[PDB]
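Chains as they are written, first to last, in full-length UniProt numbering: chain A, 1 to 133; chain B, 1 to 133; chain C, 1 to 133; chain D, 89 to 887.
Beta carbons are placed, not taken as given, at the ideal position from N, Cα and C, and that holds for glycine.
Worksheet: one structure, shown below.
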Amino acid sequence: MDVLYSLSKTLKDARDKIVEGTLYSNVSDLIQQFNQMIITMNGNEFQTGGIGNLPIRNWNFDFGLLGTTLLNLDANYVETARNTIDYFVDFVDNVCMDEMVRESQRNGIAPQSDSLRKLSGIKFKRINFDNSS
Amino acid sequence: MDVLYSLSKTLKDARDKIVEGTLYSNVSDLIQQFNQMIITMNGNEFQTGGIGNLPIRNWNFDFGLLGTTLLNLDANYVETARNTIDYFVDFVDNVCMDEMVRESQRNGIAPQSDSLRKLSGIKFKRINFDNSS
Amino acid sequence: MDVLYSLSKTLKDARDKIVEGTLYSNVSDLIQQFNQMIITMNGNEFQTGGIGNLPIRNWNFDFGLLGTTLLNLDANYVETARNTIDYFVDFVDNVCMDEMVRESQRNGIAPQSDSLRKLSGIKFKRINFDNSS
Amino acid sequence: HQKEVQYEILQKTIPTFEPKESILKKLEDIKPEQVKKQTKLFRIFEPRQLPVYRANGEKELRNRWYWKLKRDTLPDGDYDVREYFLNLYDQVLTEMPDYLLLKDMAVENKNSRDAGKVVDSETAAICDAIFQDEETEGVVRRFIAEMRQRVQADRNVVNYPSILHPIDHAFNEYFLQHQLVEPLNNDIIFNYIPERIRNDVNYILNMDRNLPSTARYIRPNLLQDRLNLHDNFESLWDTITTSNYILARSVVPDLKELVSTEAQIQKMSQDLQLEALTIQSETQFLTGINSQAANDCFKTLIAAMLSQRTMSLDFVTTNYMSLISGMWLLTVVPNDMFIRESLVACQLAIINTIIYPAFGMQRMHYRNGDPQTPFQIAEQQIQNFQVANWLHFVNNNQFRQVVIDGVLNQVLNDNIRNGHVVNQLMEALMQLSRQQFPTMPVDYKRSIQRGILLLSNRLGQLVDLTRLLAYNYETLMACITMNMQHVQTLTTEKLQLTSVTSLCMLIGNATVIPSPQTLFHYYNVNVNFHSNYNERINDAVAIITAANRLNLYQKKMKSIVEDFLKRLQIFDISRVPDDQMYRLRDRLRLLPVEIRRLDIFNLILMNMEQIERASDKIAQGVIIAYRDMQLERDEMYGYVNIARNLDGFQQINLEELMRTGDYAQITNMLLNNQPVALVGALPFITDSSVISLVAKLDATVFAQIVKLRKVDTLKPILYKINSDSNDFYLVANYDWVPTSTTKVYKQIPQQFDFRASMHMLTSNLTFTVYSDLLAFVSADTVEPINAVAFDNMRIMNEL
Numbered sequence: 001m002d003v004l005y006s007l008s009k010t011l012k013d014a015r016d017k018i019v020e021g022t023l024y025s026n027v028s029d030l031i032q033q034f035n036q037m038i039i040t041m042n043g044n045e046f047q048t049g050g051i052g053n054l055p056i057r058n059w060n061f062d063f064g065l066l067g068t069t070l071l072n073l074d075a076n077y078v079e080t081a082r083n084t085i086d087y088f089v090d091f092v093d094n095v096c097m098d099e100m101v102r103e104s105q106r107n108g109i110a111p112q113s114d115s116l117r118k119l120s121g122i123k124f125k126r127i128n129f130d131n132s133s
Numbered sequence: 001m002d003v004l005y006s007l008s009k010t011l012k013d014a015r016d017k018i019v020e021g022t023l024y025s026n027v028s029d030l031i032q033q034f035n036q037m038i039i040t041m042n043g044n045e046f047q048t049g050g051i052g053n054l055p056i057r058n059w060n061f062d063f064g065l066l067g068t069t070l071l072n073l074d075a076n077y078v079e080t081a082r083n084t085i086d087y088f089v090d091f092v093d094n095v096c097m098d099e100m101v102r103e104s105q106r107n108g109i110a111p112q113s114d115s116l117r118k119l120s121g122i123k124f125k126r127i128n129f130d131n132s133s
Numbered sequence: 001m002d003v004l005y006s007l008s009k010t011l012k013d014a015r016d017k018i019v020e021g022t023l024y025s026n027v028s029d030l031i032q033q034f035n036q037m038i039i040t041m042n043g044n045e046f047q048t049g050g051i052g053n054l055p056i057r058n059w060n061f062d063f064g065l066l067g068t069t070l071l072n073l074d075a076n077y078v079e080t081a082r083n084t085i086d087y088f089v090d091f092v093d094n095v096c097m098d099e100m101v102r103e104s105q106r107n108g109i110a111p112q113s114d115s116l117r118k119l120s121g122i123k124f125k126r127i128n129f130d131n132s133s
Numbered sequence: 089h090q091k092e093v094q095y096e097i098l099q100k101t102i103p104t105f106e107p108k109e110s111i112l113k114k115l116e117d118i119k120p121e122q123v124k125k126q127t128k129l130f131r132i133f134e135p136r137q138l139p140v141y142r143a144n145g146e147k148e149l150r151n152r153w154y155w156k157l158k159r160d161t162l163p164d165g166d167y168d169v170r171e172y173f174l175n176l177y178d179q180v181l182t183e184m185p186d187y188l189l190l191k192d193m194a195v196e197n198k199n200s201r202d203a204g205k206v207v208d209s210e211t212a213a214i215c216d217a218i219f220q221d222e223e224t225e226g227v228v229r230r231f232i233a234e235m236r237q238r239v240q241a242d243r244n245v246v247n248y249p250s251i252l253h254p255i256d257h258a259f260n261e262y263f264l265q266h267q268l269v270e271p272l273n274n275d276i277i278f279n280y281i282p283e284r285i286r287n288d289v290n291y292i293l294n295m296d297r298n299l300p301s302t303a304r305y306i307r308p309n310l311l312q313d314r315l316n317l318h319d320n321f322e323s324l325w326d327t328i329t330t331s332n333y334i335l336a337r338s339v340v341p342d343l344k345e346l347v348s349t350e351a352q353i354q355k356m357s358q359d360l361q362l363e364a365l366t367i368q369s370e371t372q373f374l375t376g377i378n379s380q381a382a383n384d385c386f387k388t389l390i391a392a393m394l395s396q397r398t399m400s401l402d403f404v405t406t407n408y409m410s411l412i413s414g415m416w417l418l419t420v421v422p423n424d425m426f427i428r429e430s431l432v433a434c435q436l437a438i439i440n441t442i443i444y445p446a447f448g449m450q451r452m453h454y455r456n457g458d459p460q461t462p463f464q465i466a467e468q469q470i471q472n473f474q475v476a477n478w479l480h481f482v483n484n485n486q487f488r489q490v491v492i493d494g495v496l497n498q499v500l501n502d503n504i505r506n507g508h509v510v511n512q513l514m515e516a517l518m519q520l521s522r523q524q525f526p527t528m529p530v531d532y533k534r535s536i537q538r539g540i541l542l543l544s545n546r547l548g549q550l551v552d553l554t555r556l557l558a559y560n561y562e563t564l565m566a567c568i569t570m571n572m573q574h575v576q577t578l579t580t581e582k583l584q585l586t587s588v589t590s591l592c593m594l595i596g597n598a599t600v601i602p603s604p605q606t607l608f609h610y611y612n613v614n615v616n617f618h619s620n621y622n623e624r625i626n627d628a629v630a631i632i633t634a635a636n637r638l639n640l641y642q643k644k645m646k647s648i649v650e651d652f653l654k655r656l657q658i659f660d661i662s663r664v665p666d667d668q669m670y671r672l673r674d675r676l677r678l679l680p681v682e683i684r685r686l687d688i689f690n691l692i693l694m695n696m697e698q699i700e701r702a703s704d705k706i707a708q709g710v711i712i713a714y715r716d717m718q719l720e721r722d723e724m725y726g727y728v729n730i731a732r733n734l735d736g737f738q739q740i741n742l743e744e745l746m747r748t749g750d751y752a753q754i755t756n757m758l759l760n761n762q763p764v765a766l767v768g769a770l771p772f773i774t775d776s777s778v779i780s781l782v783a784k785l786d787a788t789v790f791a792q793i794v795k796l797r798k799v800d801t802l803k804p805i806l807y808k809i810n811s812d813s814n815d816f817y818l819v820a821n822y823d824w825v826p827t828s829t830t831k832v833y834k835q836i837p838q839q840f841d842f843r844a845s846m847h848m849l850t851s852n853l854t855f856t857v858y859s860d861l862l863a864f865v866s867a868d869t870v871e872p873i874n875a876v877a878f879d880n881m882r883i884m885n886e887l
């Protein structure tokens, strides 16, 4: 749940902060976190389930990192970042939907979808960052 | 709109974060954004018009940059920042009021005031930063 | 009041952002502020609560600084930070409760509890940082 | 002998160079931060043509372009690889340019149909190779023939095409976007002059130079002390104050037109009548009274005040003339500038030899360690208004602290600056000349009173001297860039009170003020030292943080701190106490890294894995899977036992195994044939023999781990079976699947893509960087006769 929230917060911050013309100092830490998330998620296969009419969806991560060497962000940077942000947002939304439509009697607080169970492994703990909500 | 919001957000962040005694590490990025805004706005003449009883106001921007060689902010730094912040807040409030009292059938989404049209130029796009509202 | 708010804000940020596995770049400025708070508060004695049934609490601050050398935060860092944050949060809650139960006809806007009066000294002004609420 | 031994023991812990004065040279040799210019684009990779093989292992008739490290020198062992990357970080930091002018690197493009240019010569070579290549796309060829640079001289901008690996482009673009040069104009130079020298009417500053808009400069890093070396670093602070004292001595002016030593000596001898007394030291009384001593006193006082170096008072108690001059010394110099013991001794000598005997009071029995000084007690115990008021001033004349232009400054009382308080001193000691000295022998009493009058009758000269000393102190303090922190130093500067007497009795009325060039030189030396201090702090912090984030647990921060202290040029590192070294290490660890160095480190850290996997002489691991696995078919090898990942296998970290020394698990798995993956930078043997694959030699390279309990000699076999093999007919002419029980975890080179490598590098067309800003200022000074003090009156009014 903490890793899923961290993914969602990173993507929300990327949408809000990665804007054309902005100083890179405004997004330096955000871009570092985004690249950390890319590195952690790369090479992993995820599946959001078919419970109900929700479709079975397969997710693959082979994304390159974002640049960190511009003084001010430009149109190319924003477009390149958006291409990755869209896929990550789709994955996060589908994982959230898959987790929302599931319940358990024995342990209802633990993750139910296999995607969130996979994200609860140690290897993904690196994605975890600010939990302010 | 993005540039006007960025000006307002920068000024709000300056009011909240530039306080006496605070570590410069707490405002380094904020100070850089504020100085970029000062550089971008410096040397530009703006006018907020006289539609209705709104008074015609002229705005000249010739402000020195905020310092960056302190360990903790002191009274001098706060006063110097606060004068500029007050002037910029007045300008932003007047621009927002000028834009709020205007409408058009054809391009109502587009800026209506001359000041916001000026701020929509490319040379001001550098002011743009986090759009989180 | 601003120093008390800064303490509370620093502790909230520490609780939210000092999490296992998070990049140190995500907490660098926060860790600097937290270390500043620890240095400022170290060696000071506070007393909170002598009105009504509010218990008398004595507070002593002898805490080590948080490390700045990790790439990603691990369990040890989080445990040390959590112990320190627990003590500081208890202190801040007690100070706030002590202040909330007091009133003055002459200078009601000024601090009433002796803890907040002590915090209004210059030696604590270094703790002050972002006042965004 | 005993004193010498104890002082040597104390001095061996102070990293101050024993020939004090030599420090000056070491302080004046600190040049501004060297301006670095880039001569060619920073490259880690190059394109290279490599043979490729079909799925059947046959070599193709064309080569393919791939990215390969220009210098492939990565060592084996994960720790060694991380050390290599720390060394690369140091190399990049040292070679990082402060500014770039891409036009200097631009070269002719041979294939350009429009007189095109490219940066750099390596780009030209790559472009020519791609142009002549037969497999190049027609569109890419035409683009190379047509891609153009754009030089806008009116805008002072140049854009050049370049071929760069994404990592190389990242580095070069960071260098281009984050240059350290700022525009330089006459307003910047004017503001560079200290604000209190620009407001001084004794100095006429003019700007007789014109700066073009293409003038640039690099701002010195005048960030105040982040290490707080004034707190809990006694030896380092002693060294710092000693060096500052030497520099201040160098810049303090020389007194002119002093009173004739012969005439003053005769006057003092006649007034004192020493020969008529029964003093056991008749000759020693007037020794040390000369112009050289006066100059030494002037320099010592001003330099100690500027450097905030504690002073010790050396005096002979029987020489009451020294005590009388010490009264003036204590009047003008703040009492916190002397070691407590010396101040107490001098004040107690004055009280018990002059003041209390004068008023018939019982001699003070001062107890050492008393929170009050002898003068503080005498102020309450003496009822006379003149002497009591003078004592009050002397008690309360400590330095005041004020921040000017962000620099902490120790400033004097306004009564010291204008010299008015000397009148009070005169008043006080005039009263001492009228006192009875109830039980004193009349000849000795007369001698004391006549010495008191010797000092009293120089009221005008002493007022002039006080104003001159204060003015020189203020003017030279305007040139100090680091906070004037007041701490009691381990070792003091010994001030002979005979030198104070010489200064008091020989000062004339010739005003001497620091020359404008002397002030500029002092300010430049201070700025250079401060900038070097900050830059070396930044370097130390960056390297420590990089070593910690690179997990270089065997790296010793002691060597980093020693290098940092050495580069400060004023520390003899052999004499730095260990506790202070470790405290310095800790304080450096607590600081945050500088933005430029941190960004470069972020780039290196994020590109580490890609740079490592691009090496041809280390593999990322070896999978020992005791089942037969088909040799993968790859374009770069043919058949190769290459693992694309370590999924499905237990991973043993060879670095952790080496460090722990526990080979129980690895030995158990090797003995019991348990599939595993040994992870770590490993050298490997490239075997092209099919007979070696049949013989299964790749599985025979791990028993040495069990035998020697070492993993440094582990060299797995990487089979490269293709048509170039001398026995490829075995693969081609027989129906079998080449397999092996081990795989080498390694990556494949990245293919060269022209679209991904073609960038436009943008810089300025040209500019000139200037270092000595103050060379642009024409500074003159008024005649010394006309020099005025802060109160707009002349410094010396006796004329």
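Kindly list the residues whose CB is nearer than 8 Å to the CB of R488 of chain D, restricted to its own chain and excluding five residues on each side of it in sequence; keep chain order.
By 1-based counting over the fourth sequence, the position of residue 488 of chain D is 400. The answer, listed in chain order, is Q498, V499, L500, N501.
Could you check which residue in D:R284, D:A446, D:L479 has the C-alpha nearest to that of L564 of chain D?
Mapped onto the fourth sequence, residue 564 of chain D falls at position 476. Among D:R284, D:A446, D:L479, the Cα nearest to that of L564 of chain D belongs to D:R284.
In this structure, how does DSSP classify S133 of chain C when only helix, strand and coil are distinguished?
Locating residue 133 of chain C in the third sequence gives position 133, counting from the first residue. Note: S133 of chain C maps to coil in three-state DSSP.
Between which residues of its own chain and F855 of chain D is the CB-CB distance below 6 Å, once the five residues before and five after are set aside?
Taking the fourth sequence and counting its residues from 1, the one referred to as residue 855 of chain D is at position 767. Within the same chain, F855 of chain D has close Cβ partners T302, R304.
Just checking: is the beta-carbon of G108 of chain B within a distance shorter than 9 Å of some beta-carbon in chain D?
The residue labelled residue 108 of chain B in the question sits at position 108 within the second sequence. No, because no Cβ of chain D sits closer than 9 Å to the Cβ of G108 of chain B.
Does the count of Cβ pairs from the segment 104-112 of chain C and the segment 529-548 of chain D closer than 8 Å reach three?
no
Beta-carbon contacts of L311 of chain D that lie in its chain and below 7 Å, excluding the five residues immediately before and after
Position 223 of the fourth sequence, counted from the first residue, corresponds to residue 311 of chain D. Same-chain partners within the cutoff: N622.
Of the choices D:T406, D:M399, D:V339, D:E720, whose alpha-carbon is the least far from that of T366 of chain D?
As a position in the fourth sequence, residue 366 of chain D is number 278, starting the count at 1. Of the candidates D:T406, D:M399, D:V339, D:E720, the one whose C-alpha sits nearest the C-alpha of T366 of chain D is D:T406.
First and last residue of the uninterrupted alpha helix (DSSP H) at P604 of chain D:
For the purposes of this step, residue 604 of chain D is taken as residue 516 along the fourth sequence, with counting starting at 1. Where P604 of chain D is concerned, the enclosing alpha helix (DSSP H) stretches over 604-637.
Does the Cβ-Cβ distance between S250 of chain D and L849 of chain D come in under 9 Å?
In the fourth sequence, counting from the first residue as 1, residue 250 of chain D sits at position 162. In the fourth sequence, counting from the first residue as 1, residue 849 of chain D sits at position 761. For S250 of chain D and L849 of chain D, yes; Cβs fall inside 9 Å.
Mind pulling the chain F residues with CB within less than 7 Å of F46 of chain A?
The structure shown contains no chain F; its protein chains are A, B, C and D.
Selection of the segment 56-83 of chain A by Cβ proximity to chain D, strictly under 9 Å:
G64, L65, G67, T68, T69, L70, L71, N72
Taking the CB atoms as reference points, tell me whether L162 of chain D and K705 of chain D lie closer together than 9 Å.
Here residue 162 of chain D refers to the residue found at position 74 of the fourth sequence. Here residue 705 of chain D refers to the residue found at position 617 of the fourth sequence. Contact flag set, yes.
CB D216 of chain D to CB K198 of chain D, shorter than 9 Å?
Position 128 of the fourth sequence, counting from 1, holds the residue named residue 216 of chain D. Position 110 of the fourth sequence, counting from 1, holds the residue named residue 198 of chain D. Yes.
Is the shortest distance between the beta-carbon of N26 of chain A and the beta-carbons of chain B less than 9 Å?
Here residue 26 of chain A corresponds to residue number 26 of the first sequence, with the count starting at 1. Chain B contact via Cβ: present.
Relative to chain A, which residues along the segment 11-23 of chain C have a C-beta separation below 7 Å, given in chain order?
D16, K17, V19, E20, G21, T22, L23
Does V27 of chain B pass the burial test, meaning 16 or more other C-beta atoms within 10 Å, or should it be called exposed?
Residue numbering aside, residue 27 of chain B sits at position 27 when the second sequence is read from its first letter. With 16 or more Cβ atoms within 10 Å of its Cβ, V27 of chain B is classed as buried.
Can you pull the chain C residues whose beta carbon is under 7 Å from the beta carbon of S132 of chain A, in chain order?
Taking the first residue of the first sequence as 1, we reach residue 132 of chain A at position 132. Neighbours of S132 of chain A on chain C, chain order: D16.
Limits of the beta strand (DSSP E) - the one that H266 of chain D falls within
Position 178 of the fourth sequence, counted from the start, is the residue given in the question as residue 266 of chain D. Run containing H266 of chain D: none; DSSP gives neither H nor E here.
Give the secondary structure of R488 of chain D by DSSP, where H, G and I count as helix, E and B as strand, and everything else as coil.
Residue numbering aside, residue 488 of chain D sits at position 400 when the fourth sequence is read from its first letter. Here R488 of chain D sits in strand by DSSP.
Can you check the segment 830-865 of chain D for any beta strand (DSSP E) of at least 3 residues that lies completely inside it and give the ranges in chain order?
846-851, 856-858
Rounding to the nearest angstrom, what Cα-Cα distance links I334 of chain D and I683 of chain D in this structure?
Position 246 of the fourth sequence, counted from the start, is the residue given in the question as residue 334 of chain D. Position 595 of the fourth sequence, counted from the start, is the residue given in the question as residue 683 of chain D. When rounded, the distance between both Cα atoms is 35 Å.
Nearest candidate by alpha-carbon position, reference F129 of chain C, set B:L4, B:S8, B:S25:
Start at 1 with the first residue of the third sequence, and residue 129 of chain C comes out as number 129. When only C-alpha atoms are compared, the closest one is B:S25.
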